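Residue-level listing of the chains:
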Amino acid sequence: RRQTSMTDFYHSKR
Amino acid sequence: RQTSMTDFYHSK
Amino acid sequence: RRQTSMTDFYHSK
Amino acid sequence: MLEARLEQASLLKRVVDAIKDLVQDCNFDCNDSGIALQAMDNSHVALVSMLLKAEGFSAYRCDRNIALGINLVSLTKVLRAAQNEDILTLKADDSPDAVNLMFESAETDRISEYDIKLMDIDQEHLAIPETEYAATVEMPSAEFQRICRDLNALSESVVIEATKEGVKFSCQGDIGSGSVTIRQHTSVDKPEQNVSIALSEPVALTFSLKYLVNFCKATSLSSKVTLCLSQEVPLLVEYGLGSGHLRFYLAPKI
Amino acid sequence: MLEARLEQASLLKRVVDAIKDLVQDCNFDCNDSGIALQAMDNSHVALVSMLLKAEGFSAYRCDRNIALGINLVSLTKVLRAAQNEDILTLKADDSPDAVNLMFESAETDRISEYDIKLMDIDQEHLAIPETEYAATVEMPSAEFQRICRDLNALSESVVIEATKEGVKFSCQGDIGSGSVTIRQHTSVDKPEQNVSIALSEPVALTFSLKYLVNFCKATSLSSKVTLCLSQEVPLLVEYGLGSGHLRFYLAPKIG
Amino acid sequence: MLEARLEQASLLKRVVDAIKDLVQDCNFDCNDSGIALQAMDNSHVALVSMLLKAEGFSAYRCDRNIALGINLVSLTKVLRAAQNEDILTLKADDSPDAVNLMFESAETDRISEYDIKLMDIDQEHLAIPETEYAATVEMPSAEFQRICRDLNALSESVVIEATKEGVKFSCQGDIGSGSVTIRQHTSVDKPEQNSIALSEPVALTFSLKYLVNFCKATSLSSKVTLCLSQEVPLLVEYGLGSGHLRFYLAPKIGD
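Residues numbered from 1 in each chain as written, not as in the entry; some residues may be left out. Chains lettered and ligands numbered in written order. Heavy atoms only, no water. Residues with missing side-chain atoms left out of burial classes, pairs and counts.

- Deposited coordinates in this entry are attributed by the record to X-ray crystallography, at a stated resolution of 2.00 Å.

In structure tokens:
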């Protein structure tokens, strides 16, 4: 029903 | 003209 | 800037 | 009900590829004799007749006759997943809704299994009486395929002319006219590459080249093809399978 | 500043070929450790993480960290002019506007030189912590590629199921249903055919097959592929490079 | 009138393949010297000049000069029906409406016969005087073709610049700038030779798409000759054994 995103699991960094 | 296969063989 | 033509160099025969 | 084991998955792949472009949806009729097929194209111009004999399978079992209605495009999609050397097994149940295909390889213990949904096909079969043909031509299948492609490049129709000397295929079109003449040719060295003509009386017929080109997609099934001609009957193009046959019938243009 | 030389250009070409169809524009982050790359696709469904360590180069020199923004399609166009055997050298200056590529061939005296303009790319980088995966499957890369293509012919999604038994890839679609099961297999003769499964707990996840098919374009980089799965994190598909690595991360389908 | 027999059907097939994408409809002028052809492309930027000498045929006979106007696409359709090793025979009469093609194979007895309808073509031929070129470069045809494709991927134009040391092909474009330098290389090798005969250095610019079209003659010879001087078009010559196939390319000026 939903294709998840990589950003659902790992937070943004610099 | 192009003939048909059913012109040569009956359906069975 | 300009593509020359073959006819610029050789004349008709 | 049905459990049929092919030694090389290649045979089935070749057969399906040799049928699918003429007829997309076919009934595979399975009985104690093996797996048979007969289908006309949508225009009723050509007819395919396949027999895979039960002797050709490394364990053939069919308890009750059943027609497996299969879309050959889907079947091709599934069959690409097996290498030519995979051990292939077809299975089906009593009132089957799907056909089970299993591909097995050696030295891996890797298992491939597919369940292709069946479809309902209303099979109109035709009675084909045994015929004594005026001309019978045995020739390399690749040679016939090349001739068909070459003449199809120029025309939609081909005139086939069988005489005691040899066989002429001729065509004409907007670009011009072309022809290929083959004579009876026997080699002791390489007889895969022989041309035989058994002829009681000369014969000349016209046929659609697109259908013959479709027929020639069976070239991979045998290095040899047989053409059977007489005026009052459709052309027969036969490829031997080893344990069965694949025959194409083509109605002439008159 | 930057001078990085490969003895065999093939490594770079395949790497670019293994990345460009998933993400077109990438920053090559250059530092003393080597050349790294991390990029998400436009849908943020997959993430590429490449490392070419300084160890694999003839001569690695970089006094200042720099991000080289490169369009990989242009890079592929330029790299087509280099044979796998060609000696390859990347060079860049202090605040570069372009990267210099040099291809050298043996027994020819032929030298090819290209100056590829760099571009400004705002790439969202993610912190990926080291994970202890519930299942780790090492298998022939060509086998995984074949499985992915075969099932992609039939469906958009694949269920990967890792148990003590083996690994099952299954799919469903309009034509029907399919599955491929591999058991952990050890060959005394030829160990590229090996399938090893290290599993602490069974795991079952669903993934997009088109992304996996794109991943499998890295098959030419290694005869072996490693699949790392656990229930709560994206799938990891890793190809070893010899002296570096190429990792793909794929977010699962859940509903 | 005309009966010309080739021992190998390959020569004609390759020759037609090397012309058809440059000029589609051509007049084959047949005389006692053999079969010649000269045609400009639709833009009048390039000119093809072919000579198949009567010596190259196993039986060449021409009682009367004849211009055979042929659509080369139809000719390719018909020539595909002959294998490279087939004995090929052309025939034509005095006022012909068609050209007769006959393909015969050995150890088979199969004969193929085709009559291609001719067309009326008004082709403007140009007088090309014998020229003393400032630079003459002999190089492997496959190498020139590879260079042309590689640079055509990156640019519309290529500068060909010859000095005593060697030959530089350079280009510029949106992606950046590139160059390939070949040095004069004499190895016993065979077709790897690269020779430059130069009286004066010369640098001229040319369209890469036309050169890529030229390189479709690569199958006719392992060697290609580039002839350059400042005031005349570039000559790209492929030797045939029987004569020659020449392409002339007018330069780009005032960049």
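### Things to note about the sheet that holds strand 4 (residues 46–53) of chain F
Strand pairing in a sheet takes place through backbone hydrogen bonds and is either antiparallel or parallel in direction.
All names here are of chain F.
Turning to step 1, where the next piece is worked out: Ordered in space as 6-2-3-4-18-17-16-10-14, the nine strands form an open sheet in which the pairing is antiparallel. Two strands close off the open sheet at either side, each with one partner strand: strand 6 (66–71) and strand 14 (195–198). Geometrically, the sheet is characterised by an average inter-axis angle of 15° between neighbouring strands, direction not taken into account.
Turning to step 2, where the next piece is worked out: Looking at chain direction, strand 2 (residues 25–31) and strand 3 (residues 34–40) are connected through three bridges and run antiparallel. Within the sheet, the bridge partner assigned to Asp 29 lies in strand 3 and is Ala 36.
Turning to step 3, where the next piece is worked out: Here helix 2 (residues 72–79) sits on the sheet and contacts strand 2 and strand 6; the angle it forms with strand 6, its principal contact strand, is near 80°. (Pairing = 2+ DSSP bridges. Helix = DSSP H or I, 4+ residues; strand = E, 2+ residues; numbered from the N terminus. Axes fitted to C-alpha atoms, helices over the stretch in contact; angles between N-to-C directions. Contact = heavy atoms within 4.5 Å.)

### Observations regarding the domain arrangement of chain D
Residue and element names in this part refer to chain D.
Turning to step 1, where the next piece is worked out: Looking at chain D, the domain boundaries give domain 1 (2–117) and domain 2 (135–250).
Turning to step 2, where the next piece is worked out: Computed from C-alpha coordinates alone, the two centres of domain 1 and domain 2 are separated by 28 Å.
Turning to step 3, where the next piece is worked out: Listed by partner, the interface residues are 21 residues for domain 1 and 16 residues for domain 2.
Turning to step 4, where the next piece is worked out: Around 1,600 Å² of area is buried between domain 1 and domain 2 when both sides are counted, 62% of it from carbon and sulfur atoms.
Turning to step 5, where the next piece is worked out: Looking only at domain 1, the three residues that lose the most surface to domain 2 are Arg 14, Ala 18 and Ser 49, adding up to 28% of its buried area.
Turning to step 6, where the next piece is worked out: Inspection of the domain 1/domain 2 interface yields one salt bridge.
Turning to step 7, where the next piece is worked out: With a shortest N-O distance of 3.6 Å, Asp 21 and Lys 217 are connected by a salt bridge. (Domains from an automatic or database assignment. Buried area = accessible area lost by both parts, 1.4 Å probe. Salt bridge = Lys/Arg side-chain N within 4 Å of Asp/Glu carboxyl O.)

### Let's talk about unusual backbone geometry
Turning to step 1, where the next piece is worked out: With phi around 65°, D:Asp109 is a residue other than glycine that occupies positive phi space.
Turning to step 2, where the next piece is worked out: Along the chain, D:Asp109 falls in the loop between strand 8 (98–104) and strand 9 (111–117).
Turning to step 3, where the next piece is worked out: For E:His44, which is not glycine, the phi torsion reads 60° and is therefore positive.
Turning to step 4, where the next piece is worked out: The residue E:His44 is located in the loop between strand 3 (34–40) and strand 4 (46–53) in this model.
Turning to step 5, where the next piece is worked out: By relative accessible area, which is 28% here, E:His44 ends up partly exposed. (Buried < 20%, exposed > 50% of the residue type's maximum accessible area, 1.4 Å probe, protein only.)

### A few points about the pattern of salt bridges
Two side chains with opposite charge may pair up if their charged atoms get near one another.
Residue and element names in this part refer to chain D.
Turning to step 1, where the next piece is worked out: If you walk through the whole model with that rule in mind, you get 20 salt bridges over all chains.
Turning to step 2, where the next piece is worked out: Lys 20 is the partner of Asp 21 in a salt bridge, and the nearest nitrogen-oxygen pair spans 3.2 Å.
Turning to step 3, where the next piece is worked out: What makes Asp 21 partly exposed here is its relative accessible area of 40%.
Turning to step 4, where the next piece is worked out: Classification of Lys 20 as partly exposed rests on a relative accessible area of 22%.
Turning to step 5, where the next piece is worked out: The partner of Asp 63 in a salt bridge is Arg 61, with the nearest N and O atoms 3.1 Å apart.
Turning to step 6, where the next piece is worked out: One continuous salt-bridge network, built from bridges that share partners, spans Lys 20, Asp 21 and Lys 217.

### Describing the packing of aromatic side chains
Turning to step 1, where the next piece is worked out: Throughout the structure, instances matching the rule amount to 17 aromatic pairs over all chains.
Turning to step 2, where the next piece is worked out: Look at F:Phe57 and F:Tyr60: their rings are 5.4 Å apart centre to centre, the planes differ by 45°, and that puts the pair in the tilted class.
Turning to step 3, where the next piece is worked out: What makes F:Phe57 buried here is its relative accessible area of 11%.
Turning to step 4, where the next piece is worked out: Taken together through their ring pairs, the aromatic side chains of D:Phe215, D:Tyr239 and D:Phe248 make up a single cluster. (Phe/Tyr/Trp six-rings, centres within 6.5 Å; stacked < 30°, edge-to-face > 60°.)

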